[PDB]
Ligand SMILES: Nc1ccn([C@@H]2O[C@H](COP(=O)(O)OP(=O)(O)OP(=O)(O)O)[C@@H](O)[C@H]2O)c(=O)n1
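As a starting point, one isolated chain is supplied in structure tokens, in the form deposited without this ligand.
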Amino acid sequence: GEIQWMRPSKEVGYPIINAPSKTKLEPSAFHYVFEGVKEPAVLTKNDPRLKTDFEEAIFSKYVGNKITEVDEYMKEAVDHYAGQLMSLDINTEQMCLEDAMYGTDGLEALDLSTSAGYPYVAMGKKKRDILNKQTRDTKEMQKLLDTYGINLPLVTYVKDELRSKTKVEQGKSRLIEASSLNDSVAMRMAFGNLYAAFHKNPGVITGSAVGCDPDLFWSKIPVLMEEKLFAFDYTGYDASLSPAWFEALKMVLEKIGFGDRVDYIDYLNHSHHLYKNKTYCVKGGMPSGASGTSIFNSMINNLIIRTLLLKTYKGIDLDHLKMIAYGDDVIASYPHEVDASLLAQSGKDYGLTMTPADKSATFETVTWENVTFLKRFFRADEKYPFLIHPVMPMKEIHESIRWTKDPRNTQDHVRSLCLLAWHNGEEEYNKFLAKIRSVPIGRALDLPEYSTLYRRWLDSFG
């Protein structure tokens, strides 16, 4: 991905966007009870914790493109992957407008608590003003399609989130591209039946995790995996993706029957952006919050691993590759050990910057003891070894609890962390309930015991 040009949105006639200036995150009643080192991400240039120039930093993720042409490995990569997907018999029909707005089986209705994007943002208009779940009226939206059409600009916002010290100082905040209400709808009409099929079939056919519930699914994953595992992290995955990869994705969509819509993918590759007082074009790089970003990032992720294995390990039977991706995250198996250090080198020639898994120092062998997925570990239950605990380390749970976006919700917030935390096992869990209760607000909460959660978990296989 590469910024093609930038300039004052007034030079062009685009309005300014009101970006918020201060975080919703504040220290919580538990801020001093636990240990943490994360703070709210930098949101603006004036932020005193900056150790460099903000806009320089936030936009630095676009490293540039590596390749414009789809290689022969990619082409095969495509063929194989499209092959898998064909086995799902995926409905290729356009989705009806009423469903793309208000939802249907396998696809959730649009969120009316979020923005409608450009141009509606600027008129001060809102999603609730065009959609009505009660009537499920489509007539008004249709006119807005007729009016403003599609391929509208993405409105770019800073992600408001807990981030590590250096990343705070270094100003490396994450970005969010706000899809036009018009484009989400066109996308859903074009690909809704695609999205729903993925939502319905998380696993090793789709190669996607979207739609899994880690509490139940963790126990199914080892069963689907081949004998040996490999894995790695990506650097700035989204903003590295070279336009070649989009062309590959388009090929997959033709090959599985979505040939006419492969144009929509073009708007994701060559996008135009509003950001406060500025405006810019980007070539390459998946836009953070466009319709289908989870699905397409996973699909391209499926093509990358197939490609890299080919231009590295000749005579690899991609039929015995078993992977699951959530966007850039991935867990992958094969019958013989494979060398992430080796695939990492290949990746370089594709604009992909691939580091060792679990932020490790040097490349290492992945086992069921040290593999992570969606930030969880795998630990077999001590009494039912075919049941696998998704294990969120306490460390990340400690970080979360030390802040809040509204103390009014302190009970829900903490209750929700227990559901993650108890998989560390009774000892650490009761020590966690102890620390919560070591302050008065702690003791005002209704919290569940290990015995209760362990019971409910065991019962959900049933």
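From 1 onward, residues are counted along the sequence shown.
Quick note: we don't show the form deposited with this ligand bound, though the next part is all about it.
Student: Is there a heavy atom of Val210 no more than 4.5 Å from a heavy atom of this ligand in the deposited bound form?
Tutor: Taking the distances in the deposited bound form, the answer for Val210 is no, it never comes within 4.5 Å of this ligand.
Student: Does the 4.5 Å heavy atom contact test between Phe232 and this ligand in the deposited bound form come out positive?
Tutor: Close contact is absent here: in the deposited bound form, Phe232 is far from this ligand, nothing within 4.5 Å, heavy atoms only.
Student: Although the partner isn't part of this model, could you tell me whether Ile150 comes within 4.5 Å of this ligand in the deposited bound form, counting any heavy atom of the residue?
Tutor: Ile150: no contact with this ligand in the deposited bound form.
Student: Taking any heavy atom pair closer than or equal to 4.5 Å as contact, tell me whether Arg128 reaches this ligand in the deposited bound form.
Tutor: Flag for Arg128 set to no.
Student: Have a look at 68 to 76, 172 to 180, 246 to 254, 81 to 89 and name the one stretch with heavy atoms inside 4.5 Å of this ligand in the deposited bound form.
Tutor: Heavy atoms within 4.5 Å of this ligand in the deposited bound form occur in 172 to 180.
Student: Does the trio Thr44, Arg49 and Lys165 actually contact this ligand in the deposited bound form, every residue with a heavy atom within 4.5 Å?
Tutor: None of them does, since no heavy atom lies within 4.5 Å of the partner.
Student: Under a 4.5 angstroms heavy atom criterion, identify the one residue in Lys359, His320, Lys383, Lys133 near this ligand in the deposited bound form.
Tutor: Spelling it out, the residue with a heavy atom inside the cut-off is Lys359.
Student: State the residue from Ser288, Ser115, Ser346, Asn370 whose non-hydrogen atoms include one within 4.5 Å of this ligand in the deposited bound form.
Tutor: It is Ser288 that has a heavy atom within 4.5 Å of the partner.
Student: Check each residue of 44 to 82 against this ligand in the deposited bound form and list those with a heavy atom within 4.5 Å, in sequence order.
Tutor: Going through 44 to 82 in order - heavy atoms within 4.5 Å of this ligand in the deposited bound form - there are no hits.
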